[PDB]
Amino acid sequence: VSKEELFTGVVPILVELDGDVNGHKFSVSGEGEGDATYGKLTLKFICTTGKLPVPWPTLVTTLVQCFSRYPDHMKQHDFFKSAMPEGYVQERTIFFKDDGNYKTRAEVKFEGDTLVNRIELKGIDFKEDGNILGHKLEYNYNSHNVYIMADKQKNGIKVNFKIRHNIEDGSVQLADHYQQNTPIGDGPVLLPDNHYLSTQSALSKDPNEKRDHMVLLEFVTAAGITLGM
Ligand code: NA
Ligand code: NA
Ligand SMILES: [Zn+2]
Ligand SMILES: [Zn+2]
């Protein structure tokens, strides 16, 4: 039921996102590679419609948890890989405290040797001069724990966590994330015991790139379950 064999080695990744936030329409493409044995991602994203209308860090969680490293004793809890190659739908609602929300739907699946994440994002209720549309977020990311449980009603998982976005005046903008994942295929999947992913992300710029872009490295390992339990 585990699909670890698809994830051997380095796997190319493609990402495509169409988004509309307070009627500002935009698109983002990304390409890179993942190594689930190490739990590491490297990707570069470009805004193909001009300047991104929201800050890049707000799109990090939207823009492939199947590349998480699952420990030796936790292979029976890896839902994300178990749903491949047909893949899973990942839906979120993200509430930015004192501001608007994003709602997202994505399909993550293999197209051949490439892992692809295809996303629609709709943003509503943002303040024109808030931290988001105001572009008051620093260009950086912090470490978070992403809590995963099995869905008690359907074949799938329920996931929640709270992202801290640091603001240029020293304050912090919180983004509460609520997430569900369901398989696309009707094959068996792994429905995990409660656990979490320890997430770290670092953002940078390619000094030669003139398009609006984001270079992103991530390291993710699952944790939280006692051997054999
Ligand atoms: Na199998
Ligand atoms: Na605007
Ligand atoms: Zn172990
Ligand atoms: Zn158990």
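Just so you know, residue 1 is the first one in the sequence shown, and it goes up from there. Side chains included, hydrogens not; waters and symmetry mates left out as well; all remaining heavy atoms used.
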Begin with the C-alpha distance, continue with both residues' side-chain angles, and end with the deciding distance and a verdict on salt bridge (charged side-chain N to carboxylate O under 4.0 Å, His left out) for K103 and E120. CA-CA 8 Å; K103 278 174 180 292; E120 289 173 311; over 6 Å; no
Does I184 form a side chain to side chain contact (heavy atoms under 4.5 Å, CB included) with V89? I'd like the steps, not just the answer. CA-CA 6 Å; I184 292 173; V89 182; 3.9 Å; yes
Should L216 and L63 be marked as a side chain to side chain contact (heavy atoms under 4.5 Å, CB included) after you check the CA-CA gap, both sets of side-chain angles, and the distance that decides it? CA-CA 10 Å; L216 164 74; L63 293 168; 5.7 Å; no
I'd like to know whether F110 forms a side chain to side chain contact (heavy atoms under 4.5 Å, CB included) with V11, so could you lay out the CA-CA distance, the side-chain angles of the two residues, the decisive distance to 0.1 Å, and finally the verdict. CA-CA 10 Å; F110 276 94; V11 169; 3.8 Å; yes
Side chain to side chain contact (heavy atoms under 4.5 Å, CB included) assessment of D151 paired with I157: CA-CA 5 Å; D151 192 326; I157 56 171; 5.9 Å; no
Output a table of donor-acceptor pairs, distance under 3.5 Å, between side-chain atoms of residues 27-34 and any protein atom two or more places apart or on a different chain; print 'none' if there are none.
| unit_1 | atom_1 | unit_2 | atom_2 | d |
| --- | --- | --- | --- | --- |
| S27 | OG | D18 | OD1 | 2.9 |
| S29 | OG | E16 | OE1 | 2.8 |

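Put simply, the side chain of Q173 does not reach to within 4.5 Å of the side chain of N166, judged on heavy atoms. The shortest distance between side-chain heavy atoms of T221 and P71 falls below 4.5 Å. Put simply, the side chain of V220 does not reach to within 4.5 Å of the side chain of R69, judged on heavy atoms. Two residues are said to be in side-chain contact when any heavy atoms from C-beta on lie closer than 4.5 Å; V108 and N117 meet this criterion. Annotation: side chain of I148 is not in contact with side chain of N194 (no heavy-atom distance under 4.5 Å). Between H135 and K51 there is a side-chain heavy-atom pair separated by less than 4.5 Å. Under the 4.5 Å side-chain criterion, counting only non-hydrogen atoms from C-beta, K205 is in contact with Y139. Between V172 and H165 the shortest side-chain heavy-atom distance does not fall below 4.5 Å.
When every heavy atom of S68 is checked against every heavy atom of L197, the shortest pair comes out as OG-CD1, 3.5 Å. The two residues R164 and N142 make their nearest non-hydrogen contact at O-ND2, 3.0 Å. Of all heavy-atom pairs spanning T61 and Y141, the tightest one is CG2-OH, 3.3 Å. The nearest pair of heavy atoms linking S201 to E218 is OG-OE1, 2.8 Å. Summarising the geometry of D129 relative to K136, their closest heavy-atom pair is O-NZ, 3.1 Å, with the distance given to 0.1 Å. For the pair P192 and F79, the tightest heavy-atom approach, listed with the atom from each and the gap, is CD-CB, 4.4 Å.
A donor-acceptor pair under 3.5 Å is formed between the side chain of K127 and the backbone N or O of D98. Judged by distance alone, the side chain of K81 and the main-chain N or O of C66 form a donor-acceptor pair under 3.5 Å. Between the side chain of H77 and the backbone N or O of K75, no donor-acceptor pair lies under 3.5 Å. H213 places a side-chain N or O within 3.5 Å of a backbone atom of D206 that can act as its donor or acceptor partner. Looking only at distances, a side-chain donor or acceptor of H73 sits under 3.5 Å from a matching main-chain atom of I225. Looking at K44, its side chain never comes within 3.5 Å of a backbone N or O of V215 through a donor-acceptor pair. Remark: the backbone N or O of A222 is not paired with any side-chain donor or acceptor of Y196 at under 3.5 angstrom. The backbone N or O of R211 lies less than 3.5 Å from a partner atom in the side chain of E209, making a donor-acceptor pair.
Atom OG of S82 is separated from atom CD of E4 by 10.5 Å, given to the nearest 0.5 angstrom. If you take OG1 on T182 and NZ on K158, they are separated by 9.0 Å, rounding to the nearest 0.5 Å.
In the displayed structure, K40 atom NZ is contacted under 6.0 Å by at most 12 heavy atoms of other residues, nucleotides or ligands. Residue-environment remark: CD (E168) stays at or below the threshold of 12 foreign heavy atoms within 6.0 Å. Around the CG atom of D169, the shell of radius 6.0 Å holds more than 12 heavy atoms that belong to other residues, nucleotides or ligands.
Taking the six-membered ring where the residue is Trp, the centroids of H144 and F161 are separated by 6.0 Å or more. Between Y70 and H195, the ring centre distance stays below 6.0 Å.
The existence of a salt bridge linking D20 and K122 is excluded, since no basic side-chain nitrogen approaches an acidic carboxylate oxygen closer than 4.0 Å. Between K97 and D176, no side-chain nitrogen of the basic residue sits less than 4.0 Å from a carboxylate oxygen of the acidic one, so the salt-bridge criterion is not met. For the pair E86 and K109, the salt-bridge criterion is not met [side-chain N within less than 4.0 Å of a carboxylate O].
Using a 4.5 Å cut-off between side-chain heavy atoms of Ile, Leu, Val, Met, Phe, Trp and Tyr, with links allowed through other members, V54 and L203 fall into the same hydrophobic cluster.
There is a side-chain donor-acceptor pair under 3.5 Å between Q179 and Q65. Between the side chains of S143 and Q200, no donor-acceptor pair is found at a separation under 3.5 Å.
Ring pair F96/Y102 is perpendicular by interplanar angle, where above 60° counts as perpendicular and below 30° as parallel.
Note on residues 12-68: pairs passing ring pair (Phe, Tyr, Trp, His ring centres under 6.0 Å), not counting sequence neighbours, are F7-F67.
Among the candidates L133, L137, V60, the single residue satisfying the side-chain contact (heavy atoms from CB on, under 4.5 Å) test with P55 is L137.
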